[PDB]
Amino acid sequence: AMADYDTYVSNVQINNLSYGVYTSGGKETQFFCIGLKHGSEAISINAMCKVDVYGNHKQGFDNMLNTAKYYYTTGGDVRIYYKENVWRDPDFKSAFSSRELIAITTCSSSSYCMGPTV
């Protein structure tokens, strides 16, 4: 199976964004975080972030930000692939999330979104 693709939430919408600059662990960073909803259904797995110079995958900062902004605009249904327990700066984790954003795929129906499933 694809490494780091085992943990996802499907058929969600990106209903909030954050983008900022921040000194973390003595380094200058950019970060963004997405906030999720699932229609009217309460979702607790509701925030995932990406940092330009930290994380399991530093690549794709701008492209992932632009992709997240796109789905915030459309309100379309997506699947979010993420990794738990990544961010080690405790101030950041408490403010935003511990989760790293890995991938965003679209859902064309209540069952199907692109990408691997477990």
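Residue numbers here begin at 1 and follow the sequence given.
In this entry, 82 to 90 has the higher mean Cα B-factor, the comparison being between 82 to 90 and 26 to 34. Two stretches are in play, 91 to 99 and 9 to 17, and the higher mean C-alpha B-factor belongs to 91 to 99. For the set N46, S40, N66, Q59, the PDB entry puts the maximum C-alpha B factor at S40. Among the modelled residues of its chain, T105 has a C-alpha B-factor that falls in the lowest third according to the deposited record.
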